[PDB]
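Take a look at the structure set out below.
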Amino acid sequence: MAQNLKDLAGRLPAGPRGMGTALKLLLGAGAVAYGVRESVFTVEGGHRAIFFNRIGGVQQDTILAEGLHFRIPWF
Amino acid sequence: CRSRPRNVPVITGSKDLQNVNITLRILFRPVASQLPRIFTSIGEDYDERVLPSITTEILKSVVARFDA
């Protein structure tokens with residue numbers, strides 16, 4: 001299966017310089033959009049989805065009444 | 069916020085304590101101004117899961133104070 005991906009990636013036409021940087025920028029934008037989408041969490045109302053601070057445990061003082069609160073991914 | 073129907077039978081004891089069976093109407097129109105709360109801390113099935121029990125409680129208490 002790895003060799004098939006090898007051939008598929010290789011077969012991409014050797015286009016002029018512009019589209020290479022274009023593809024790099026597109027990948028950057030895709031990753032950034034994915035991160036922005038993921039920074040919000042499963043949220044039902046009737047659930048004060050509080051900030052679980054990574055350090056020190058739960059945020060005993062950060063009591064999330066009804067309101068945006070972006071979870072730092074992996075944090 | 070309609071006054072949806074909620075008929076809630078009750079089987080209590082009167083003051084002279086003959087077994088009294090009373091049903092009641094909960095003509096509940098959730099307060100429009102309080103619906104934020106009526107979904108935060110009351111929820112979607114507000115009536116089905118709030119009103120029947122309070123009806124039973126109140127009706128039994130009232131019946132306890134009058135003979136058959």
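Sequence lines, in order, name chains K and J.
Heads up: the first sequence runs through residues 1 to 75, numbered per the entry's author numbering.
Heads up: the second sequence runs through residues 69 to 136, numbered per the entry's author numbering.
Just so it is clear, CB atoms sit at the ideal spot from N, CA and C, and this is done for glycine as well.
Judged by their CB atoms, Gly111/J and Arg105/J are not nearer to each other than the 8 Å cut-off. Assigned with DSSP and collapsed to three states, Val99/J falls in coil, not helix or strand.
Counting only Cβ-Cβ distances below 9 Å, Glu66/K has contacts in chain J at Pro104, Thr108, in chain order.
Selection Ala100/J, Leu85/J, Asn89/J, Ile122/J evaluated against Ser71/J yields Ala100/J as nearest (Cα-Cα). Contact of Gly45/K with chain J is assigned, a C-beta pair being separated by under 8 Å. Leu127/J counts as buried, since no fewer than 16 other beta carbons sit within 10 angstroms of its beta carbon. For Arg133/J and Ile79/J, the gap between their C-alpha atoms comes out near 14 Å. The three-state secondary structure of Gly30/K, taken from DSSP, is helix. Pairwise C-beta distances place the segment 33–52 of chain K in contact with the segment 64–71 of chain K, as three or more of them are shorter than 8 Å. For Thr91/J, the enclosing beta strand (DSSP E) starts and ends at 87–93.
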